[PDB]
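Enquirer: The structure that follows is given in the form of C-alpha coordinates.
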Amino acid sequence: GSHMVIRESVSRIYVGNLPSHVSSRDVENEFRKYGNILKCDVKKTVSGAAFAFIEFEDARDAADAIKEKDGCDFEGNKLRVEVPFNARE
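The following block contains the structure:
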(Lines of atoms letter the chains of each structure in order from A and count residues from 1; the text may use other names and numbers.)
(Lines give C-alpha, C1' and ligand atoms only; values in the text may rest on other atoms or scores of the structure.)
Protein backbone atom coordinates (compact mmCIF):
# COMPACT_ATOMS: atom_id res chain seq x y z
CA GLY A 1 0.00 0.00 0.00
CA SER A 2 1.41 3.33 -1.17
CA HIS A 3 -0.76 6.24 -2.34
CA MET A 4 -1.86 9.86 -1.41
CA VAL A 5 0.14 13.13 -1.19
CA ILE A 6 0.39 16.12 1.21
CA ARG A 7 2.03 19.56 0.65
CA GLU A 8 1.46 21.23 4.08
CA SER A 9 3.01 18.82 6.63
CA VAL A 10 6.41 17.82 8.07
CA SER A 11 7.02 14.12 7.94
CA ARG A 12 9.45 12.87 10.72
CA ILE A 13 10.56 9.50 12.36
CA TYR A 14 11.01 8.89 16.14
CA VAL A 15 14.11 6.76 17.26
CA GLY A 16 14.89 6.67 21.05
CA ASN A 17 16.14 4.50 24.04
CA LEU A 18 18.58 3.03 21.45
CA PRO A 19 22.04 1.43 22.26
CA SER A 20 25.07 3.77 21.38
CA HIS A 21 22.65 6.51 20.06
CA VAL A 22 23.04 7.44 16.38
CA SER A 23 24.76 11.00 16.38
CA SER A 24 23.65 13.71 13.77
CA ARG A 25 26.69 13.14 11.41
CA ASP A 26 25.95 9.30 11.10
CA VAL A 27 22.15 9.74 10.75
CA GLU A 28 22.72 12.32 7.92
CA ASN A 29 25.14 9.94 5.97
CA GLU A 30 23.85 6.33 6.67
CA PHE A 31 20.16 7.31 7.17
CA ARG A 32 20.23 9.56 3.97
CA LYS A 33 21.05 6.28 1.96
CA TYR A 34 17.70 4.82 3.01
CA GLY A 35 15.43 7.90 2.42
CA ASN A 36 15.58 11.61 1.59
CA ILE A 37 16.36 13.69 4.75
CA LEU A 38 15.45 17.47 4.90
CA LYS A 39 16.54 17.80 8.64
CA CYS A 40 17.95 15.48 11.38
CA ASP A 41 17.77 16.81 14.95
CA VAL A 42 19.00 15.42 18.34
CA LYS A 43 16.46 16.10 21.19
CA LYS A 44 17.43 14.63 24.69
CA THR A 45 15.35 14.29 27.96
CA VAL A 46 16.33 14.62 31.74
CA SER A 47 15.76 10.82 32.33
CA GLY A 48 19.00 9.98 30.42
CA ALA A 49 17.11 8.64 27.36
CA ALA A 50 18.27 10.20 24.01
CA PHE A 51 16.06 10.58 20.89
CA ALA A 52 16.74 11.33 17.26
CA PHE A 53 14.13 13.06 15.10
CA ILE A 54 14.42 12.29 11.33
CA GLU A 55 12.54 14.37 8.76
CA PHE A 56 11.93 12.14 5.64
CA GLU A 57 10.01 12.67 2.33
CA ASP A 58 9.63 8.91 1.56
CA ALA A 59 8.91 6.27 4.29
CA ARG A 60 8.57 3.18 1.93
CA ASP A 61 12.34 3.17 0.86
CA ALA A 62 13.64 4.15 4.50
CA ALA A 63 11.62 0.99 5.66
CA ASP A 64 14.92 -1.17 5.21
CA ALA A 65 16.57 0.87 8.07
CA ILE A 66 13.44 1.09 10.18
CA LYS A 67 12.86 -2.76 10.14
CA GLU A 68 16.63 -3.32 10.58
CA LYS A 69 16.51 -1.30 13.82
CA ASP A 70 12.88 -2.63 14.67
CA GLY A 71 12.13 -4.37 17.91
CA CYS A 72 11.17 -1.34 20.16
CA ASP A 73 11.89 -2.29 23.74
CA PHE A 74 11.27 -0.71 27.15
CA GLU A 75 11.82 -1.83 30.81
CA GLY A 76 15.26 -3.52 30.87
CA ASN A 77 15.87 -4.09 27.17
CA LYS A 78 16.72 -0.61 25.80
CA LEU A 79 15.70 -0.32 21.99
CA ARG A 80 12.85 2.11 20.64
CA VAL A 81 12.56 2.63 16.78
CA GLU A 82 9.10 3.92 15.41
CA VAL A 83 7.50 5.47 12.33
CA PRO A 84 4.52 7.82 12.74
CA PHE A 85 3.92 7.10 9.02
CA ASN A 86 3.14 3.36 9.29
CA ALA A 87 4.92 2.68 5.85
CA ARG A 88 2.75 5.63 4.54
CA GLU A 89 -0.92 5.11 3.62
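Using the authors' numbering, you'd call the opening residue of the sequence shown number -2 and step up by one each time. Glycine residues also receive a C-beta, built at the ideal position from the N, C-alpha and C atoms.
1) Over what stretch of residues does the alpha helix (DSSP H) that includes residue 10 continue unbroken?
2) Between which two residues does the beta strand (DSSP E) containing residue 49 stretch?
3) Taking 8 Å as the threshold (C-beta atoms), are residue 48 and residue 41 in contact?
4) Using DSSP with H/G/I as helix, E/B as strand and the rest coil, what is residue 80?
5) Leaving out five residues before and five after residue 19 in sequence, what residues of the same chain have Cβ atoms less than 6 Å from its Cβ?
Expert: Quick answer:
1) As a working mapping, residue 10 is identified with position 13 in the sequence shown. For residue 10, no alpha helix (DSSP H) encloses it; the enclosing beta strand (DSSP E) starts and ends at 9 to 13.
2) Position 52 of the sequence shown holds residue 49. Judged by DSSP secondary structure, residue 49 falls within the beta strand (DSSP E) whose first and last residues are 47 to 53.
3) In the sequence shown, residue 41 corresponds to position 44, counting from 1. In the sequence shown, residue 48 corresponds to position 51, counting from 1. For residue 41 and residue 48, yes; Cβs fall inside 8 Å.
4) In the sequence shown, counting from the first residue as 1, residue 80 sits at position 83. Three-state result, residue 80: coil.
5) Locating residue 19 in the sequence shown gives position 22, where the first residue counts as 1. Setting aside the 5 residues that flank it on each side, residue 19 is surrounded in the same chain by 49, each with a C-beta closer than 6 Å to its C-beta; the list follows chain order.
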